[PDB]
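K.L.:
sequence-free structure coming up:
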RNA sequence: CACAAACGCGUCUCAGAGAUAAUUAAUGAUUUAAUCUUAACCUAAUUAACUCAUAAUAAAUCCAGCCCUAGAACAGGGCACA
RNA sequence: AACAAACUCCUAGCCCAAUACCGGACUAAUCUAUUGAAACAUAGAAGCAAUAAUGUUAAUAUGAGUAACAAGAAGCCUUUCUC
RNA sequence: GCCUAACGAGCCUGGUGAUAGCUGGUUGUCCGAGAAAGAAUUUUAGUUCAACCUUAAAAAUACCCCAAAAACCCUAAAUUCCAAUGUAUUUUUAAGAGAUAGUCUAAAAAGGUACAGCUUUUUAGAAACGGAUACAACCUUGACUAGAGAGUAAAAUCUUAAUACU
RNA sequence: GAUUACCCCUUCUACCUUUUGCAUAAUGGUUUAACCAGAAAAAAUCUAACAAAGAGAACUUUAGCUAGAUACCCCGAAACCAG
Ligand SMILES: Nc1nc2c(ncn2[C@@H]2O[C@H](COP(=O)(O)O)[C@@H](O)[C@H]2O)c(=O)[nH]1
Ligand SMILES: [Mg+2]
Ligand SMILES: [Mg+2]
Ligand SMILES: [Mg+2]
Ligand SMILES: [Mg+2]
Ligand SMILES: [Mg+2]
Ligand SMILES: [Mg+2]
Ligand SMILES: [Mg+2]
Ligand SMILES: [Mg+2]
Ligand SMILES: [Mg+2]
Ligand SMILES: [Mg+2]
Ligand SMILES: [Mg+2]
Ligand SMILES: [Mg+2]
Ligand SMILES: [Mg+2]
Ligand SMILES: [Mg+2]
Ligand SMILES: [Mg+2]
Ligand SMILES: [Mg+2]
Ligand SMILES: [Mg+2]
Ligand SMILES: [Mg+2]
Ligand SMILES: [Mg+2]
Ligand SMILES: [Mg+2]
Ligand SMILES: [Mg+2]
Ligand SMILES: [Mg+2]
Ligand SMILES: [Mg+2]
Ligand SMILES: [Mg+2]
Ligand SMILES: [Mg+2]
Ligand SMILES: [Mg+2]
Ligand SMILES: [Mg+2]
Ligand SMILES: [Mg+2]
Ligand SMILES: [Mg+2]
Ligand SMILES: [Mg+2]
Ligand SMILES: [Mg+2]
Ligand SMILES: [Mg+2]
Ligand SMILES: [Mg+2]
Ligand SMILES: [Mg+2]
Ligand SMILES: [Mg+2]
Ligand SMILES: [Mg+2]
Ligand SMILES: [Mg+2]
Ligand SMILES: [Mg+2]
Ligand SMILES: [Mg+2]
Ligand SMILES: [Mg+2]
Ligand SMILES: [Mg+2]
Ligand SMILES: [Mg+2]
Ligand SMILES: [Mg+2]
Ligand SMILES: [Mg+2]
Ligand SMILES: [Mg+2]
Ligand SMILES: [Mg+2]
Ligand SMILES: [Mg+2]
Ligand SMILES: [Mg+2]
Ligand SMILES: [Mg+2]
């Protein structure tokens, strides 16, 4: 508890770098925790006029998942400003073009809409796969737990787990598969 | 791009707004309080005739007090200490 | 208004009331007219009350000046160096008494907005939260993807 | 002296040395500086938490 | 005084209303919700027995609040009211928190 | 067309890949036949948009004067041959 | 669940919003009567209080250093030229 | 047409501070209560009466109101009228003005197109600094002052998107 | 509102007038200074004198009479008439 004044204050308002794996996660649930950590709303010392907000590094952004048919139906629209410059683009297309886009947009939508959004957008780092500049690797303090539990495919299960689960019905021997 | 014609909540064509699970909860809770309310209203202690004039003595008394309070209104007494006390304004050291 | 005026944190002069309490009001100066009606209350106050007041507060020196003035004033002056001016012009004995009491019990600090109701040196006993205080340490102290 | 620190009024310039001497006096041996917590090394605003260990 | 405070020895609180006490009087603040120290904490339900803990505060300064303006206004109804509020204030220095060994 | 230019009535040049909608097919279950499938898996044939290859731009700080196919001003290109 | 009001509790009080009309209490500044004499008191009086009338008069900005305005040439300086 | 830069009848001075039911404007602070229209009217851009309302003053009952009671063919929600009871209101007397160009919501109807943010009456309501993203009229809410307390209210994504028949 | 901190954050649709209803894209104002707009006492109420009478003549009186205090704006037509 006993620190000099300067190091105390420095330790308190210190920035932190969180790492967040994106593989098979809904960009929304991702963007939720990303948003919280960007605004520094996870700090008991939080205030809106303190700069407090932490860096968030999201990776495996290409491997993002979308529940339902959202890949087809969700359209990102924009306008160049020129007559006939209105562009609607399906999420599949946008993602195909620019790996980072989807998750970036979601986070940019969930931050508060003031000027600080632009600043705390600068503390967000997005990598399509896992390749990170060793510079950015060397700051990572801790890794946030993935917000969705990913279901294993059928080939992931151990034979122990397969024989442990009951045969529910008994097929006729005559019947052909 | 989908406009609401005229004013939002008023006319022949209105903004569609839906009922919320919240609203159903609230309304139902009120209803429950009212059902209990009209349970307790259901069985009087005294009958209709048992309460006749049962306090008519207090009621008349009250009205006598109300009357009396008004009958007392009159201009207030005027005393020498006022009209004379005003002279204290010019009091001095000498 | 608060953006309009100055402000200060809550403080005591010389940590008053810690070791011992020191009445901060130092001296009190009255100026009144023997003749003028405006000073009437102030005269009565000087007659009856001042004396008793002076016993009730040994530490304050009270200077009374009869002089030809139209507006009787009381000048409070504090250990702080602070000087506070007041007008006892056209008031009762009662009013003046209450006023002189307020003057007696004030710190002499400037009256402005006070930013927050409490003042603590060392608020923090047992620690002060920092981003790491609630985080678990790992083995070897490795970072998230770091390998050894 | 209320609210004040120690090293606010003491002004000593080499804390490590003084510590080692005081620990000789207490018959404890060798404070070892061991890095405990850190955030960003590559940043313009890093934070280090150094611990001191005796045995 | 209707509020809860986090208090420690040597400190200062500003109560927003008058108290009847001379300046310099020592006072036992009675209702105590929480007591704490580096290694332990006592919690009340919702109060600590007067035998368990005793906190004494001195009243330093009786004073009055700075002027607070309060203004009502209504568009094109020709209605303004402006009123200046001054609140009587009392500054307490809390002196000592003592804690007695009796606990079961 | 009476300035060394500007100009048309004159002269030159103008494009690849991917994507789709409607609609056609192949394999094939729920419904051991069938069946293009808001069944899977691979699939084919297929408008315009629209993205994108590709092209263009891309040397931080000499600049008084003087020239200019560069220019309202400010900028910009020249000024060692000869 | 929580979060959420001029509602309601809490600690103190000087103890409950408002247009037209209506009632009340105070009061700036002048003058007069007596006080008063580092600028006042009790009365009596009034040309008795201006963020709004395309208000009046003066003065200042903005538009704006904007629109617009002018002297034929050289020289030996009033002599030649060009119209 | 023209009669000294404006002639459906010049200009100037006086009558003159012409007269405007029409527009504009109307100057210190703080507090108490506080108003949406029945009747006439060259009247519906206004007045003058009522009903409300305000300031005083005298009084005594005032609302709320169970039976009983109020039509003849059929006929609803409901009125009228009144003891008790819960409350403190109501009535007269004396002074006064403003207001009398009305909106939406729910209800009963009429007209219209079983149209209107339409129009005409009757009963009720509202005109938040909270909610319905924004919002006059919907919903929550007996509008005081100071707190760096607390509990509550109304309130924030509405579901479905289904047709095999050899 | 705040804040260590000017901004950055958060919360608020100028003011008059006119209107059922105005942030209104309805009215008026560049700004500053100085000027610029409620006036009357019949009945009433309030205070006081004296009172079957009161008023300094003339009047009024089945508690009245006498006195005092309480009240009712500003700018603007096209016109009309005389010289
Ligand atoms: N005639 C009448 N007009 C009213 C009433 N209440 C308010 N008004 C009018 O309504 C307008 C503004 O209403 P407020 O500003 O009071 O909400 C003004 O024109 C005002 O005169 C009333 O009770 N009666
Ligand atoms: Mg609309
Ligand atoms: Mg509508
Ligand atoms: Mg088959
Ligand atoms: Mg076939
Ligand atoms: Mg390209
Ligand atoms: Mg150059
Ligand atoms: Mg709350
Ligand atoms: Mg209240
Ligand atoms: Mg009121
Ligand atoms: Mg005066
Ligand atoms: Mg005037
Ligand atoms: Mg002025
Ligand atoms: Mg103008
Ligand atoms: Mg003006
Ligand atoms: Mg200029
Ligand atoms: Mg020039
Ligand atoms: Mg210009
Ligand atoms: Mg020019
Ligand atoms: Mg010329
Ligand atoms: Mg003429
Ligand atoms: Mg006039
Ligand atoms: Mg009219
Ligand atoms: Mg108008
Ligand atoms: Mg009303
Ligand atoms: Mg007639
Ligand atoms: Mg009337
Ligand atoms: Mg009945
Ligand atoms: Mg009755
Ligand atoms: Mg009318
Ligand atoms: Mg209508
Ligand atoms: Mg109605
Ligand atoms: Mg709102
Ligand atoms: Mg209310
Ligand atoms: Mg209310
Ligand atoms: Mg209108
Ligand atoms: Mg009106
Ligand atoms: Mg509005
Ligand atoms: Mg508009
Ligand atoms: Mg505009
Ligand atoms: Mg409008
Ligand atoms: Mg207009
Ligand atoms: Mg306007
Ligand atoms: Mg108009
Ligand atoms: Mg106006
Ligand atoms: Mg204008
Ligand atoms: Mg009279
Ligand atoms: Mg009047
Ligand atoms: Mg005539
Ligand atoms: Mg005529």
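P.N.:
Arrived safely, thanks for sending. Numbering: from 1, shown residues only, chains lettered A, B, ... in the order given. Ligands and ions are numbered 1, 2, ... in the order given.
K.L.:
alpha carbons only for contacts and neighbour counts from here, please
P.N.:
OK.
K.L.:
Which helix in chain C has the most residues?
P.N.:
Longest helix in chain C by number of residues (criterion: DSSP state H): helix C:40-56.
K.L.:
Give the pairing partners of the next helix or strand after that one; include direction for each.
P.N.:
The helix or strand immediately downstream of helix C:40-56 is strand C:61-66, counting by DSSP states H and E. Using DSSP bridges, the strands paired with strand C:61-66 are strand C:25-32 (parallel).
K.L.:
so where do the strands sit in chain E?
P.N.:
Remark: strands assigned in chain E by DSSP state E are E:12-15, E:26-29, E:34-37, E:40-43, E:53-64, E:68-74, E:79-85, E:88-99.
K.L.:
And chain B, by the same measure?
P.N.:
Going by DSSP E, chain B shows no strands.
K.L.:
count of neighbours near residue 89?
P.N.:
Defaulting to chain A. Using other Cα atoms under 10 Å in any protein chain shown, residue A:89 has 16 other residues around it.
K.L.:
right idea, wrong chain: chain C
P.N.:
Residue C:89: 19 neighbours (other Cα under 10 Å).
K.L.:
wait, isn't it in contact with residue C:37?
P.N.:
No: Residue C:89 lies out of contact with residue C:37 (Cα atoms under 8 Å); the separation is 9.4 Å.
K.L.:
Check whether the longest helix of chain C comes close enough to chain B to count as a contact.
P.N.:
Yes: judged by Cα under 8 Å from any Cα of the partner chain, helix C:40-56 comes into contact with chain B at residue C:40.
K.L.:
If we go by neighbour counts, what in that helix is buried?
P.N.:
For helix C:40-56, the neighbour count (16 or more other Cα atoms under 10 Å in any protein chain shown) marks C:40-46, C:49-50, C:53 as buried.
K.L.:
what do you get for stretch A:123-130?
P.N.:
Across stretch A:123-130, burial judged by 16+ other Cα under 10 Å covers A:123-129.
K.L.:
Do any residues in it lie close to chain D?
P.N.:
No: contact of stretch A:123-130 with chain D (Cα under 8 Å from any Cα) is absent, the minimum separation being 11.9 Å.
K.L.:
Show me what that stretch is in contact with.
P.N.:
With Cα atoms under 8 Å, 6 or more residues apart in numbering or on different chains as the contact definition, stretch A:123-130 has outside contacts at A:38, A:54-63, A:99-100, A:104.
K.L.:
mind listing the strands for chain A?
P.N.:
So, for chain A - with DSSP E - the strands run A:17-21, A:55-59, A:75-79, A:86-90, A:124-127, A:140-144.
K.L.:
The residue in chain D positioned nearest to chain B: neighbour count?
P.N.:
Nearest residue of chain D to chain B (Cα to the nearest Cα) works out as residue D:39 at 45.0 Å. By other Cα under 10 Å, the residues close to residue D:39 number 24.
K.L.:
Then residue A:74?
P.N.:
Quick note: residue A:74 (other Cα under 10 Å) scores 14 neighbours.
K.L.:
Would you mind naming what in chain C lies close to RNA strand H?
P.N.:
C:115-117 (Cα under 7 Å from any atom of the strand).
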